[PDB]
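Notes follow the structure.
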Amino acid sequence: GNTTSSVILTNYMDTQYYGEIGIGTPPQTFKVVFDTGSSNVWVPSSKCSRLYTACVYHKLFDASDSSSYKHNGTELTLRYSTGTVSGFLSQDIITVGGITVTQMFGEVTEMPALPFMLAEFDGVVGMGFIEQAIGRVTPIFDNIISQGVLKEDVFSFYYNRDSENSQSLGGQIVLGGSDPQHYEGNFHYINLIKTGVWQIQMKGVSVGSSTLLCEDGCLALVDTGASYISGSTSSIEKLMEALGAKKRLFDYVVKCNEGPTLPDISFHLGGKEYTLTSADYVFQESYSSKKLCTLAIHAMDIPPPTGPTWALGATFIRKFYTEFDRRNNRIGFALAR
Amino acid sequence: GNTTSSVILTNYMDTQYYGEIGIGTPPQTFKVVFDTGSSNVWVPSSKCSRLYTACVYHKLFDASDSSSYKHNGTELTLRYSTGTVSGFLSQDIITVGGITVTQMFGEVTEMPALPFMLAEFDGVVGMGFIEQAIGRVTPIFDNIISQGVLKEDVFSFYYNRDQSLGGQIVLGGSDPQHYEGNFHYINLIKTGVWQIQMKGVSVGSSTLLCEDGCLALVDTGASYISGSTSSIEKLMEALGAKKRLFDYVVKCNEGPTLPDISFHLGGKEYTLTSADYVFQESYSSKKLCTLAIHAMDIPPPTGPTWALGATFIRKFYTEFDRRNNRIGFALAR
Ligand SMILES: CNC[C@H](CC1CCCCC1)NC(=O)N1CCC[C@@H]([C@@](O)(CCCNC(C)=O)c2cccc(Cl)c2)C1
Ligand SMILES: CNC[C@H](CC1CCCCC1)NC(=O)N1CCC[C@@H]([C@@](O)(CCCNC(C)=O)c2cccc(Cl)c2)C1
Ligand SMILES: CNC[C@H](CC1CCCCC1)NC(=O)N1CCC[C@@H]([C@@](O)(CCCNC(C)=O)c2cccc(Cl)c2)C1
Ligand SMILES: CNC[C@H](CC1CCCCC1)NC(=O)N1CCC[C@@H]([C@@](O)(CCCNC(C)=O)c2cccc(Cl)c2)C1
Ligand SMILES: *[C@@H]1O[C@H](CO)[C@@H](O[C@@H]2O[C@H](CO)[C@@H](O)[C@H](O)[C@H]2NC(C)=O)[C@H](O)[C@H]1NC(C)=O
Ligand SMILES: *[C@@H]1O[C@H](CO)[C@@H](O)[C@H](O)[C@H]1NC(C)=O
């Protein structure tokens with residue numbers, strides 16, 4: 001086949017990026033995060049009790065309204081480190097761009113307020129591999145590949161910084177290729193450590209010209225579902241000490257005046273420096289010496305086998321257009337625009 | 001005189017405990033946390049923009065629906081752990097149990113989704129001292145003290161584990177239906193703060209922290225027990241717990257044989273077993289169970305300090321005594 005296919009994302013405040021998918025006949029539409037850190041598709045279910053406020057606020061899939069729905073009912077429990085969701089397996093046709101595919105997905109009936117009452121999206125489309133898929137359900141991109149409609153077995157992500165203009169594209173995922181409007185130059189390719197997770201070795205992370213963390217090597221998950229860049233508690237503590245940043249309940253902060261003069265942070269990837277400046281990684285709500293500004297970075301201890309490991313999320317992806325390549329088990333990075 | 005008065009609390013999932021107050025004529029009712037760690041009363045305002053999701057899902061105070069509302073309008077900003085809420089000052093009559101009082105409170109018009117889209121409660125009634133009150137507003141308990149109605153100038157807290165009563169605050173005394181034996185009374189460090197000296201935190205029989213002294217804020221608005229980041233890192237090591245983004249956990253099967261944790265307060269050991277501080281949702285080795293304890297760096301002047309929150313209070317019924325500037329603990333029942 002010869003399909004490239006694009007899906008427009010809305011950017012909520014530079015921490016959530018989601019697009020629309022349609023499930024069923026006729027399609028019930030859902031806002032979903034496309035998460036290379038996970039491999040299951042789920043949406044909240046019309047069987048989810050209104051005891052879960054997340055099921056009052058979000059859109060719900062009603063199977064009995066879909067003529068292509070096929071019952072399964074097997075339990076599914078997705079125990080993310082942030083919060084477990086539970087429900088049951090269902091099968092139906094899922095539209096993503098112009099691409100239609102019969103997919104097994106979770107109908108979610110338990111959805112905790114932390115974190116789901118903070119979510120502007122309803123559901124998740126896991127773009128990881130079957131090796132991370134709970135209950136061994138074939139992931140949506142695998143079923144898309146089997147169709148043999150795509151140009152290349154690749155998909156790609158553009159995340160934009162949030163802008164005022166109702167005309168601004170929040171972001172874009174391309175299935176089957178990448179979109180040259182959204183990056184400059186050529187891709188630098190980095191081989192996966194292994195098939196099964198979107199993860200690469202990293203040689204180092206430099207604060208200023210000094211490669212002070214990860215000096216003897218570490219892992220990086222390129223994780224389009226992570227809002228911030230994250231590293232292990234021990235790494236992040238050292239990084240933050242290096243910036244002079246203070247830990248609060250939910251973020252790290254610097255006085256907003258001090259932001260622009262913080263040193264660059266560079267991630268040494270496939271033998272190149274991926275550099276974020278303090279313009280890339282500090283939310284500068286202002287430049288007041290009396291105000292504190294959040295860094296788009298925190299500590300998240302990912303448990304083995306995936307961790308310990310950094311996650312290069314939206315903070316990183318905004319600068320670097322990211323191509324996830326299934327045929328060659330590699331990730332390409334180019335400079336976004 | 002002679003008034004005591006109780007407010008029944010709803011227990012939401014062992015982490016939020018909130019009762020009802022009525023503000024205005026007729027009374028508009030709010031779910032509120034009674035927080036000994038702060039000193040302002042506030043509720044969300046009808047003024048709050050529906051852009052704040054928290055103002056859609058929470059009860060809103062509409063000042064024009066009350067014949068007792070008196071305008072004021074001073075800007076108000078409250079800084080908590082979780083961040084800031086903004087609004088302005090209004091005055092009205094507030095009902096808390098059988099007691100009615102004229103109270104200046106905040107009508108909040110800015111309520112960030114993190115954290116307020118997590119709260120079952122609508123607002124907060126500060127039970128702390130005027131010293132800690134923002135914009136120098138007289139705290140509700142001082143207003144109630146001025147009325148000469150309370151039996152004794154004390155109030156007290158019972159928090160249940162999720163019997164049927166979620167909890168109870170008594171204004172003017174303590175309820176014997178909810179504690180057993182006698183109170184042990186401990187001086188406050190200073191007026192201005194519901195904070196006492198602590199002289200050690202032990203894990204089993206091993207004092208591990210606070211050997212030379214530290215502070216314990218007795219903090220009814222805290223869901224867990226909290227300590228400084230460094231003390232909690234050391235405590236969690238002793239317990240074999242692992243940090244995750246939002247919690248510390250042990251494997252659920254390891255829960256029951258964790259050692260006791262003890263707080264040395266007013267010369268006696270206040271001990272929590274692992275049944276008291278591990279949320280045992282399961283006992284499976286395949287599952288991770290959250291500890292009802294975390295880090296919170298509380299800033300000067302008040303901190304560094306521990307905060308004895310609901311995890312502690314479930315076991316120890318607590319009396320806050322303004323006449324004597326002390327706290328008493330009795331074993332809850
Ligand atoms: C596995 N791969 C990383 C995971 C993926 C996550 C997807 C939702 C289900 C839970 C798993 N992410 C992640 O562990 N973290 C930290 C916790 C908060 C997340 C997040 O901020 C991310 C939102 C979606 N991300 C983007 C860039 O659009 C969030 C915010 C508010 C509510 C909720 Cl439920 C989650 C970001
Ligand atoms: C551009 N605006 C910036 C402001 C700054 C913010 C800092 C903390 C308190 C004040 C507001 N807001 C922000 O950044 N927000 C919104 C709320 C949820 C955050 C976040 O989604 C972040 C996940 C980060 N970590 C990953 C990806 O590994 C989240 C979700 C669930 C729980 C928690 Cl504690 C935090 C993301
Ligand atoms: C100053 N005194 C301690 C403060 C008090 C708090 C009062 C409400 C507004 C913010 C200040 N609490 C506190 O610093 N922490 C840690 C952060 C989360 C809190 C909390 O879990 C507390 C629940 C209230 N507590 C009980 C027992 O009912 C929570 C949960 C979900 C949403 C929100 Cl807004 C807050 C518990
Ligand atoms: C009995 N059920 C137990 C489960 C355990 C849950 C923990 C997260 C991952 C695993 C499951 N749920 C719980 O424990 N919850 C509910 C969510 C809000 C938490 C909490 O209220 C705790 C505050 C703690 N710190 C204090 C008080 O000083 C919280 C956490 C993050 C942000 C905000 Cl605003 C509020 C308290
Ligand atoms: C739901 O999904 C499960 C997993 O695919 C299906 O179970 C398999 O189905 C066939 C029997 O028709 C067997 O060959 C496999 O052994 C089954 N696997 C397991 C793990 O039991 C199940 O049939 C599907 N459910 C429905 C209702 O169609
Ligand atoms: C609000 O209350 C304060 C109390 O200090 C008072 O001085 C001020 O005049 C009040 N404002 C109005 C408009 O009444």
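The chains in the structure tokens are called A, B, ... from first to last as shown; in each chain the residues are counted from 1, and the ligands are counted from 1 in the order shown.
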
Skip segment 257-269 of chain A itself and residues of its chain fewer than 5 positions away, then list as a list in words all residues within 6 Å of it, counting only C-alpha atoms. residues 202, 203, 204, 205, 206, 207, 208, 274, 275, 276, 277, 278, 287, 288 and 289 of chain A

Just to be explicit: take each residue in the selection above, keep C-alpha atoms, and write the result as a tab-separated table (two decimals), in the first residue's frame.
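Result file again.tsv:
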```tsv
chain	number	residue	atom	x	y	z
A	202	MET	CA	21.86	7.21	26.18
A	203	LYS	CA	25.60	8.05	26.68
A	204	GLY	CA	25.18	10.91	28.93
A	205	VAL	CA	23.29	13.94	30.04
A	206	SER	CA	25.22	17.23	30.24
A	207	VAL	CA	24.30	20.31	32.33
A	208	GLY	CA	26.34	23.11	30.72
A	274	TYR	CA	20.20	16.79	21.85
A	275	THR	CA	20.25	20.04	23.57
A	276	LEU	CA	17.39	21.73	25.40
A	277	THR	CA	17.80	25.26	26.51
A	278	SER	CA	16.09	26.80	29.47
A	287	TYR	CA	10.23	36.79	34.67
A	288	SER	CA	9.54	37.99	38.20
A	289	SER	CA	12.14	37.46	40.98
```

Per residue of chain A within 8 Å of ligand 2, what are the shortest atom pair and its distance in Å to one decimal, counting only C-alpha atoms and all ligand atoms, with rows by chain and residue number, as a Markdown table?
```
| residue | atom | partner | partner_atom_place_in_ligand_line | distance |
| --- | --- | --- | --- | --- |
| A:13 | CA | ligand 2 | 1 (C) | 4.9 |
| A:14 | CA | ligand 2 | 1 (C) | 5.3 |
| A:15 | CA | ligand 2 | 36 (C) | 5.3 |
| A:16 | CA | ligand 2 | 21 (O) | 7.4 |
| A:114 | CA | ligand 2 | 31 (C) | 7.0 |
| A:115 | CA | ligand 2 | 31 (C) | 5.2 |
| A:118 | CA | ligand 2 | 31 (C) | 6.5 |
| A:225 | CA | ligand 2 | 27 (C) | 7.2 |
| A:226 | CA | ligand 2 | 27 (C) | 3.8 |
| A:227 | CA | ligand 2 | 27 (C) | 3.3 |
| A:228 | CA | ligand 2 | 27 (C) | 3.9 |
| A:229 | CA | ligand 2 | 27 (C) | 6.3 |
| A:230 | CA | ligand 2 | 28 (O) | 5.4 |
| A:249 | CA | ligand 2 | 8 (C) | 7.7 |
| A:250 | CA | ligand 2 | 34 (Cl) | 4.7 |
| A:251 | CA | ligand 2 | 8 (C) | 4.8 |
| A:252 | CA | ligand 2 | 7 (C) | 7.8 |
| A:283 | CA | ligand 2 | 1 (C) | 5.9 |
| A:293 | CA | ligand 2 | 5 (C) | 7.9 |
| A:294 | CA | ligand 2 | 5 (C) | 5.5 |
| A:295 | CA | ligand 2 | 5 (C) | 7.9 |
| A:296 | CA | ligand 2 | 14 (O) | 6.9 |
| A:297 | CA | ligand 2 | 25 (N) | 6.8 |
| A:298 | CA | ligand 2 | 25 (N) | 6.0 |
| A:299 | CA | ligand 2 | 28 (O) | 7.3 |
| A:300 | CA | ligand 2 | 28 (O) | 6.1 |
| A:311 | CA | ligand 2 | 28 (O) | 7.5 |
| A:313 | CA | ligand 2 | 27 (C) | 6.5 |
| A:314 | CA | ligand 2 | 27 (C) | 7.7 |
```

Deliver the residues from the most recent selection as a file, using N, CA and C atoms, as a short mmCIF file (atom, residue, chain, number, x, y, z; two decimals), in the first residue's frame.
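Final file, again.cif:
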```cif
data_model
loop_
_atom_site.label_atom_id
_atom_site.label_comp_id
_atom_site.auth_asym_id
_atom_site.auth_seq_id
_atom_site.Cartn_x
_atom_site.Cartn_y
_atom_site.Cartn_z
N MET A 13 -2.42 23.09 27.04
CA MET A 13 -1.46 23.73 27.96
C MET A 13 -0.05 23.10 27.96
N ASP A 14 0.35 22.60 26.82
CA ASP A 14 1.67 21.93 26.62
C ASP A 14 1.92 20.67 27.53
N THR A 15 0.87 20.12 28.13
CA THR A 15 1.08 18.84 28.89
C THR A 15 0.20 17.72 28.35
N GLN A 16 -0.86 18.05 27.61
CA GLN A 16 -1.62 16.97 26.97
C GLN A 16 -1.82 17.19 25.52
N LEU A 114 -7.43 10.56 40.78
CA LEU A 114 -6.00 10.69 40.46
C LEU A 114 -5.56 9.51 39.55
N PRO A 115 -5.24 9.75 38.28
CA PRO A 115 -5.04 11.02 37.65
C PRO A 115 -6.18 11.39 36.72
N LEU A 118 -7.84 14.77 35.92
CA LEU A 118 -6.99 15.85 35.38
C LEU A 118 -6.88 15.72 33.85
N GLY A 225 3.67 9.75 25.59
CA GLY A 225 2.68 9.90 26.69
C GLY A 225 3.13 10.57 27.96
N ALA A 226 4.44 10.81 28.06
CA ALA A 226 5.02 11.52 29.16
C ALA A 226 4.92 13.03 28.84
N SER A 227 4.36 13.81 29.77
CA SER A 227 4.26 15.30 29.61
C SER A 227 5.66 15.96 29.73
N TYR A 228 6.47 15.51 30.69
CA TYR A 228 7.73 16.17 31.03
C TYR A 228 8.77 15.21 30.50
N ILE A 229 10.01 15.60 30.60
CA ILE A 229 11.08 14.60 30.52
C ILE A 229 11.18 14.09 31.94
N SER A 230 11.48 12.80 32.15
CA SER A 230 11.58 12.30 33.51
C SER A 230 12.90 11.48 33.60
N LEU A 249 5.83 20.18 46.27
CA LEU A 249 4.93 19.01 46.22
C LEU A 249 4.82 18.28 44.86
N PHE A 250 4.57 19.03 43.78
CA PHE A 250 4.36 18.47 42.47
C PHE A 250 5.33 18.94 41.38
N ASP A 251 6.24 19.86 41.63
CA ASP A 251 7.15 20.23 40.53
C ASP A 251 8.50 20.58 41.09
N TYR A 252 9.42 20.83 40.20
CA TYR A 252 10.59 21.61 40.58
C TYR A 252 10.47 23.00 39.98
N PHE A 283 8.78 26.45 32.07
CA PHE A 283 7.52 27.19 31.83
C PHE A 283 7.63 28.66 32.32
N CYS A 293 8.94 29.54 38.81
CA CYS A 293 8.58 28.93 37.56
C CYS A 293 8.90 27.43 37.50
N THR A 294 7.93 26.65 37.04
CA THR A 294 8.08 25.21 36.90
C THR A 294 9.00 24.73 35.80
N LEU A 295 9.84 23.77 36.14
CA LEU A 295 10.65 23.10 35.09
C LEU A 295 9.88 21.91 34.47
N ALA A 296 9.90 21.70 33.16
CA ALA A 296 9.12 20.62 32.60
C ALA A 296 9.86 19.27 32.76
N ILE A 297 10.24 18.96 34.00
CA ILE A 297 11.08 17.80 34.25
C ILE A 297 10.73 17.26 35.60
N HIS A 298 10.50 15.96 35.71
CA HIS A 298 10.62 15.43 37.06
C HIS A 298 11.13 14.03 37.22
N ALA A 299 11.12 13.56 38.45
CA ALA A 299 11.64 12.28 38.85
C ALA A 299 10.46 11.34 38.65
N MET A 300 10.71 10.23 37.95
CA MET A 300 9.75 9.12 37.88
C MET A 300 10.49 7.81 37.82
N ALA A 311 12.59 9.10 30.46
CA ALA A 311 11.55 9.14 29.49
C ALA A 311 11.66 10.48 28.77
N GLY A 313 9.76 12.82 27.05
CA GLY A 313 8.39 13.16 26.69
C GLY A 313 8.20 14.40 25.86
N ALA A 314 7.06 15.06 26.05
CA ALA A 314 6.65 16.18 25.21
C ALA A 314 7.65 17.35 25.32
#
```

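With only C-alpha atoms and all ligand atoms counted, the chains near ligand 5 contribute these residues within 6 Å: residues 71, 72 and 74 of chain A.
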
Between atom CA of residue 254 of chain A and atom CA of residue 242 of chain A, what distance in Å does the model show, to one decimal? 11.8 Å

Set the cut-off to 6 Å, count only C-alpha atoms and all ligand atoms, and list whatever residues fall near ligand 6 as a count of residues only. 3

Residue hits in chain B, query chain A, radius 6 Å, only C-alpha atoms, as a PDB file with N, CA and C atoms, in the first residue's frame:
```
ATOM      1  N   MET B 117      -9.609  19.430  41.199  1.00  0.00           N
ATOM      2  CA  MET B 117     -10.414  18.392  40.515  1.00  0.00           C
ATOM      3  C   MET B 117     -10.234  17.009  41.208  1.00  0.00           C
ATOM      4  N   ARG B 244       7.192   5.662  43.991  1.00  0.00           N
ATOM      5  CA  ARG B 244       6.558   5.784  42.675  1.00  0.00           C
ATOM      6  C   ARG B 244       6.199   7.220  42.503  1.00  0.00           C
ATOM      7  N   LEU B 245       5.480   7.585  41.418  1.00  0.00           N
ATOM      8  CA  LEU B 245       5.264   9.017  41.151  1.00  0.00           C
ATOM      9  C   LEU B 245       4.438   9.662  42.245  1.00  0.00           C
TER      10      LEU B 245
END
```

Separation of atom CA of residue 132 of chain A from atom CA of residue 35 of chain A, in Å and rounded to one decimal: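 Answer for the atom CA of residue 132 of chain A to atom CA of residue 35 of chain A separation: 12.0 Å.
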
Per residue of chain B within 8 Å of ligand 3, what are the shortest atom pair and its distance in Å to one decimal, counting only C-alpha atoms and all ligand atoms, with rows by chain and residue number, as CSV?
```
residue,atom,partner,partner_atom_place_in_ligand_line,distance
B:11,CA,ligand 3,28 (O),7.9
B:15,CA,ligand 3,27 (C),5.6
B:16,CA,ligand 3,28 (O),3.2
B:17,CA,ligand 3,28 (O),3.8
B:18,CA,ligand 3,28 (O),5.8
B:33,CA,ligand 3,28 (O),5.2
B:34,CA,ligand 3,28 (O),7.4
B:35,CA,ligand 3,2 (N),5.6
B:36,CA,ligand 3,2 (N),6.5
B:37,CA,ligand 3,1 (C),3.9
B:38,CA,ligand 3,1 (C),5.1
B:80,CA,ligand 3,11 (C),5.2
B:81,CA,ligand 3,14 (O),4.9
B:82,CA,ligand 3,17 (C),5.6
B:83,CA,ligand 3,10 (C),7.6
B:114,CA,ligand 3,34 (Cl),7.6
B:115,CA,ligand 3,34 (Cl),4.6
B:116,CA,ligand 3,34 (Cl),4.5
B:117,CA,ligand 3,32 (C),6.9
B:118,CA,ligand 3,32 (C),4.3
B:119,CA,ligand 3,32 (C),3.9
B:120,CA,ligand 3,31 (C),7.4
B:121,CA,ligand 3,28 (O),7.9
B:123,CA,ligand 3,8 (C),7.0
B:124,CA,ligand 3,8 (C),5.9
B:219,CA,ligand 3,2 (N),5.8
B:220,CA,ligand 3,27 (C),5.5
B:221,CA,ligand 3,25 (N),3.8
B:222,CA,ligand 3,3 (C),4.2
B:223,CA,ligand 3,27 (C),4.5
B:224,CA,ligand 3,36 (C),7.0
B:296,CA,ligand 3,16 (C),7.2
B:309,CA,ligand 3,27 (C),6.7
B:310,CA,ligand 3,27 (C),5.5
```

Could the residues in this selection be saved with C-alpha atoms as a PDB file, in the first residue's frame?
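Below you can see result_29.pdb, which holds the result:
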```
ATOM      1  CA  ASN B  11     -14.976   9.843  55.012  1.00  0.00           C
ATOM      2  CA  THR B  15      -7.990  10.526  52.639  1.00  0.00           C
ATOM      3  CA  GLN B  16     -10.660  13.243  52.680  1.00  0.00           C
ATOM      4  CA  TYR B  17     -12.789  14.016  55.715  1.00  0.00           C
ATOM      5  CA  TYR B  18     -15.346  16.774  55.334  1.00  0.00           C
ATOM      6  CA  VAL B  33     -12.360  20.172  55.272  1.00  0.00           C
ATOM      7  CA  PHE B  34     -11.630  21.397  58.778  1.00  0.00           C
ATOM      8  CA  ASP B  35      -7.849  22.036  58.575  1.00  0.00           C
ATOM      9  CA  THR B  36      -5.786  22.681  61.758  1.00  0.00           C
ATOM     10  CA  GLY B  37      -2.869  23.454  59.482  1.00  0.00           C
ATOM     11  CA  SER B  38      -4.408  26.742  58.107  1.00  0.00           C
ATOM     12  CA  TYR B  80      -1.025  25.886  50.319  1.00  0.00           C
ATOM     13  CA  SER B  81       1.285  22.936  49.579  1.00  0.00           C
ATOM     14  CA  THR B  82      -0.576  22.297  46.405  1.00  0.00           C
ATOM     15  CA  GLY B  83      -0.373  25.849  45.315  1.00  0.00           C
ATOM     16  CA  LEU B 114      -4.412  20.167  40.092  1.00  0.00           C
ATOM     17  CA  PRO B 115      -5.410  19.752  42.958  1.00  0.00           C
ATOM     18  CA  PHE B 116      -9.078  20.779  43.138  1.00  0.00           C
ATOM     19  CA  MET B 117     -10.414  18.392  40.515  1.00  0.00           C
ATOM     20  CA  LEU B 118      -9.241  15.806  43.111  1.00  0.00           C
ATOM     21  CA  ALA B 119     -11.306  17.162  46.079  1.00  0.00           C
ATOM     22  CA  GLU B 120     -14.776  15.778  47.058  1.00  0.00           C
ATOM     23  CA  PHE B 121     -15.052  18.810  49.344  1.00  0.00           C
ATOM     24  CA  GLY B 123     -13.842  24.500  50.420  1.00  0.00           C
ATOM     25  CA  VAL B 124     -11.760  24.805  53.620  1.00  0.00           C
ATOM     26  CA  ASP B 219      -2.600  18.635  61.015  1.00  0.00           C
ATOM     27  CA  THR B 220      -6.214  17.462  60.442  1.00  0.00           C
ATOM     28  CA  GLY B 221      -6.072  18.621  56.804  1.00  0.00           C
ATOM     29  CA  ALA B 222      -3.160  16.291  56.063  1.00  0.00           C
ATOM     30  CA  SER B 223      -4.398  12.925  54.495  1.00  0.00           C
ATOM     31  CA  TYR B 224      -1.224  11.032  55.293  1.00  0.00           C
ATOM     32  CA  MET B 296       6.043  17.158  52.393  1.00  0.00           C
ATOM     33  CA  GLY B 309      -2.522  13.844  59.521  1.00  0.00           C
ATOM     34  CA  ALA B 310      -5.412  11.445  59.131  1.00  0.00           C
TER      35      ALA B 310
END
```

Give me every helix (DSSP H, G or I) residue in segment 49-183 of chain A, going by DSSP on the backbone, as a list in words.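 Helix (DSSP H, G or I) assignments inside segment 49-183 of chain A correspond to residues 53, 54, 55, 56, 57, 63, 64, 65, 113, 114, 115, 116, 130, 131, 132, 134, 135, 136, 140, 141, 142, 143, 144, 145, 146, 180, 181 and 182 of chain A.
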
How would the residues just chosen look if you wrote them out with N, CA and C atoms as a short mmCIF file (atom, residue, chain, number, x, y, z; two decimals), in the first residue's frame?
```cif
data_model
loop_
_atom_site.label_atom_id
_atom_site.label_comp_id
_atom_site.auth_asym_id
_atom_site.auth_seq_id
_atom_site.Cartn_x
_atom_site.Cartn_y
_atom_site.Cartn_z
N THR A 53 -16.05 9.75 39.07
CA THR A 53 -16.29 11.04 38.44
C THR A 53 -15.68 11.13 37.04
N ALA A 54 -14.52 10.49 36.83
CA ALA A 54 -13.94 10.41 35.50
C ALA A 54 -14.89 9.83 34.48
N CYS A 55 -15.78 8.95 34.90
CA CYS A 55 -16.82 8.48 33.98
C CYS A 55 -18.03 9.39 33.83
N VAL A 56 -18.18 10.38 34.71
CA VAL A 56 -19.19 11.45 34.51
C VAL A 56 -18.63 12.49 33.55
N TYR A 57 -17.35 12.84 33.70
CA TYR A 57 -16.78 13.95 32.90
C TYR A 57 -16.43 13.51 31.49
N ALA A 63 -21.57 0.08 23.72
CA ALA A 63 -21.48 -1.08 22.78
C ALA A 63 -22.82 -1.33 22.07
N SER A 64 -23.91 -1.12 22.81
CA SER A 64 -25.21 -1.53 22.29
C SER A 64 -25.65 -0.57 21.19
N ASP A 65 -24.93 0.55 21.06
CA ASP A 65 -25.17 1.47 19.94
C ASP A 65 -24.32 1.17 18.70
N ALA A 113 -9.81 9.08 40.29
CA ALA A 113 -9.81 10.53 40.11
C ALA A 113 -8.37 11.03 39.94
N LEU A 114 -7.43 10.56 40.78
CA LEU A 114 -6.00 10.69 40.46
C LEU A 114 -5.56 9.51 39.55
N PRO A 115 -5.24 9.75 38.28
CA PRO A 115 -5.04 11.02 37.65
C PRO A 115 -6.18 11.39 36.72
N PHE A 116 -7.22 10.56 36.56
CA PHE A 116 -8.10 10.80 35.40
C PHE A 116 -8.99 12.05 35.44
N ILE A 130 3.60 -5.39 21.04
CA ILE A 130 2.81 -6.44 21.68
C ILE A 130 3.46 -6.99 22.97
N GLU A 131 4.79 -6.94 23.01
CA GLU A 131 5.53 -7.36 24.21
C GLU A 131 5.15 -6.58 25.50
N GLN A 132 4.58 -5.36 25.36
CA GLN A 132 4.11 -4.56 26.51
C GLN A 132 2.58 -4.53 26.69
N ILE A 134 -0.89 -5.55 27.67
CA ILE A 134 -1.58 -6.35 28.69
C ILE A 134 -2.59 -7.29 28.09
N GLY A 135 -2.54 -8.54 28.57
CA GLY A 135 -3.41 -9.60 28.03
C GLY A 135 -3.07 -10.01 26.62
N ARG A 136 -1.87 -9.69 26.19
CA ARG A 136 -1.42 -10.03 24.85
C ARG A 136 -2.31 -9.56 23.67
N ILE A 140 -2.92 -1.70 18.08
CA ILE A 140 -3.58 -1.12 16.90
C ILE A 140 -2.59 -0.93 15.77
N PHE A 141 -1.37 -0.54 16.07
CA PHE A 141 -0.45 -0.32 14.95
C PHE A 141 -0.06 -1.64 14.29
N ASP A 142 0.11 -2.68 15.10
CA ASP A 142 0.26 -4.04 14.51
C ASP A 142 -0.89 -4.41 13.56
N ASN A 143 -2.15 -4.25 14.00
CA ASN A 143 -3.27 -4.51 13.09
C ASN A 143 -3.25 -3.60 11.87
N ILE A 144 -2.83 -2.34 12.04
CA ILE A 144 -2.70 -1.49 10.85
C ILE A 144 -1.63 -2.02 9.85
N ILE A 145 -0.46 -2.40 10.37
CA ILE A 145 0.61 -2.98 9.54
C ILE A 145 0.14 -4.21 8.74
N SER A 146 -0.61 -5.11 9.40
CA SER A 146 -1.19 -6.30 8.76
C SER A 146 -2.05 -5.96 7.61
N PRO A 180 7.37 16.57 6.28
CA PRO A 180 8.48 17.53 6.12
C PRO A 180 8.15 18.97 6.44
N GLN A 181 6.88 19.36 6.36
CA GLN A 181 6.49 20.66 6.92
C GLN A 181 6.88 20.83 8.40
N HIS A 182 7.07 19.74 9.13
CA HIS A 182 7.19 19.87 10.58
C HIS A 182 8.54 19.55 11.10
#
```

Where in segment 175-258 of chain B does DSSP assign strand (DSSP E or B), given as a PyMOL selection string? chain B and resi 179-187+195-198+201-203+206-209+214-218+225-227+242-243+248-251

Write out as a PyMOL selection string which residues come within 12 Å of residue 163 of chain B when counting only C-alpha atoms, dropping same-chain ones fewer than 2 positions away. chain B and resi 11+159-161+165-167+178+333

Output file for the selection above: N, CA and C atoms, as a compact mmCIF listing (two decimals), in the first residue's frame:
```txt
# COMPACT_ATOMS: atom_id res chain seq x y z
N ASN B 11 -16.32 10.37 55.23
CA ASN B 11 -14.98 9.84 55.01
C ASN B 11 -14.93 9.42 53.56
N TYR B 159 -11.62 10.71 63.44
CA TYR B 159 -11.62 10.22 62.04
C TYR B 159 -11.81 8.70 62.05
N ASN B 160 -12.88 8.19 61.43
CA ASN B 160 -13.05 6.74 61.24
C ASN B 160 -12.22 6.15 60.07
N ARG B 161 -12.08 4.82 60.04
CA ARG B 161 -11.55 4.06 58.91
C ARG B 161 -12.77 3.79 58.02
N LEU B 165 -20.20 6.15 60.96
CA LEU B 165 -19.86 7.56 60.99
C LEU B 165 -18.45 7.75 60.39
N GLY B 166 -18.33 8.60 59.37
CA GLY B 166 -17.07 8.85 58.67
C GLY B 166 -16.05 9.56 59.59
N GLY B 167 -16.61 10.30 60.53
CA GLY B 167 -15.83 11.09 61.52
C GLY B 167 -16.70 12.13 62.23
N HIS B 178 -16.12 8.13 71.30
CA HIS B 178 -15.09 7.87 70.28
C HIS B 178 -13.68 7.78 70.71
N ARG B 333 -11.78 4.98 69.39
CA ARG B 333 -12.57 3.78 69.34
C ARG B 333 -13.87 3.97 68.52
```

Which one of A:236, A:317, A:335, A:125 sits closest to residue 160 of chain A if you count only C-alpha atoms?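 Of A:236, A:317, A:335, A:125, the one nearest residue 160 of chain A is A:317, counting only C-alpha atoms.
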
Nearest-residue call for ligand 1, choices A:98, A:171, A:148, A:1, using only C-alpha atoms and all ligand atoms: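 That would be A:171, the residue with the smallest distance to ligand 1.
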
How many Å separate atom CA of residue 174 of chain B from atom CA of residue 200 of chain B?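 These two atoms are separated by 27.8 Å.
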
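Neighbours of residue 9 of chain A closer than or equal to 12 Å, with only C-alpha atoms counted and sequence neighbours fewer than 3 positions away skipped, come out as residues 6, 12, 14, 16, 17, 18, 19, 20, 21, 31, 32, 33, 34, 96, 97, 121, 157, 158, 159, 160, 161, 162, 168, 169, 170, 171, 172, 173 and 174 of chain A.
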